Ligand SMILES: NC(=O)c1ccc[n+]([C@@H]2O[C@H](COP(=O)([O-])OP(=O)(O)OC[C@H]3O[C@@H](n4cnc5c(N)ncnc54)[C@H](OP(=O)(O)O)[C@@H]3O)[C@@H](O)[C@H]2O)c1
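One chain follows as structure tokens, the form solved without the ligand.
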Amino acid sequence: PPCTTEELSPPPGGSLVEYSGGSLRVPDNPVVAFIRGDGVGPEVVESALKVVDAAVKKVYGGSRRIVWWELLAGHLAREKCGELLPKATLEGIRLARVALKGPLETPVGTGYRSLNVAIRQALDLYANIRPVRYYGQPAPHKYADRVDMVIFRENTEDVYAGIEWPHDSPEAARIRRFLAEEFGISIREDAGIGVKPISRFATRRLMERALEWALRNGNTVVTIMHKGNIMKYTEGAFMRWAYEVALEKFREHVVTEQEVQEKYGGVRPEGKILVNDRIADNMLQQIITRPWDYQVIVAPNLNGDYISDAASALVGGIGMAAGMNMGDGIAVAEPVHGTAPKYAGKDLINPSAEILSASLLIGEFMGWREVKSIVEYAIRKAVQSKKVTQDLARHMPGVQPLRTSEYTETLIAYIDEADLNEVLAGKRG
């Protein structure tokens, strides 16, 4: 693994994924960067590589294969390179355009998971994508099986921009003074102050990727989650700008709820994606009450975070939550969960989240749809056969849980002995 730029060298037998025009060009022997990360990262990452390779080999008869290229970040970069996040790692991802990473440990004294943030910002990975699916595991939601969503979250603005000042700082006092004198606005002297920005530019690019995802996956509904009745010029504007870019650039593929009832017989015109919106609080209540009415959810930073987390709790998949941050022609997949130190190196951790992150990177972003299908099948199969790691064996009395390595081997056996005839029913290209 590389510590410097000159050391950057994609492994033998692979070709770089390319981004020309507005499309990703994926060779059959694509170089894909991977970062082991910290805590359970190495374990779950190595599990993901094995499961995906078996998946790739199985569905494409060996004509395709990933050439994994290791890059370093976290404890392994500190140990080998003397630093947590070498420039060479960021340059490497930008070169490969696609990478799988394990969770990273947050440097003491820095802003939350700052390393993930530094990576996302350096590569302009503005879209956070969190799919939430049910794999048959025990869940607290009676309608867990009816939860099949994907959250497209704007990941650069909102209160996450970090614009805020302590209540007793001179800056805050200055801002309070400016607000009263210039706008006659009164804010208590003992109030902390935060600023919430939402832009047309960030909203449009996010909505566009979401609409493209919908077309790619054949989704029939895209929902804008916002609290526009309270925050009119931030969240309301977000909703407004998202609707606009939809009609402006996807006019022939979309229809709003208004147009559905108005211009049509209140019925769905086939081939058209319904683009609607829901006030955030109502949205939370509806995924709980009628999850089947929702598929793709578009939201600004904070609402996106809350809605995807709640959804994962409903399907019993908090620990299996997969994710990916995408920019233009570039993406980095990673599980939602952290480094889980209490399980690090014990061969006990559930690798599903990291595996599904890989599946998300290769099956969706890279287009190898069949890979995703065979992977989700193997997982759903393992859960049904109760061949799972201890976290899932919680609601399975009598079940002898599997170690990480054994769960990996179990998924690979389901992949190899799988009947593609039906497993790949209506998905190909």
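All residue numbers refer to positions in the sequence shown, first residue = 1.
The same protein has a further form, the form deposited with the ligand bound, not shown here; the description that follows concerns it.
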Fill in the blank from the handout: Assert contact_stretch over 74-82, 89-97, 348-356, 133-141 against the ligand in the entry with it bound, heavy atom within 4.5 Å, equals 348-356
Exercise for the section: Could you tell me which one of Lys57, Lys386, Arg380, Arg394 places a heavy atom within 4.5 Å of the ligand in the entry with it bound? Expected result: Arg394
Fill in the blank from the handout: Exactly one of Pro269, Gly338, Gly192, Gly236 comes within 4.5 Å of the ligand in the entry with it bound through a heavy atom, and that residue is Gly338
Exercise for the section: Would you please decide whether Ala344 lies within 4.5 angstroms of the ligand in the entry with it bound, comparing each non-hydrogen atom pair? Expected result: no
Problem - is_contact(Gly327, the ligand) in the entry with it bound, heavy atom dist at most 4.5 Å - result: no
Handout entry: Partner proximity in the entry with it bound: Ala310 to the ligand, non-hydrogen atom cutoff 4.5 Å
Key = no
Practice task
Would you please decide whether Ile318 lies within 4.5 angstroms of the ligand in the entry with it bound, comparing each non-hydrogen atom pair?
Solution key: yes
Handout entry: Two-part rigid split between the shown form and the other one: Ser312, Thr156 together
Key = yes
Practice task
Note whether the distance between the C-alpha atoms of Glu18 and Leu215 decreases (closer) or increases (farther) in the entry with it bound, against the displayed form; the change is 3 Å or more.
Solution key: farther
Fill in the blank from the handout: Evidently the Cα separation of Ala340 and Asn303 changes by 3 Å or more in the entry with it bound, so the atoms lie closer
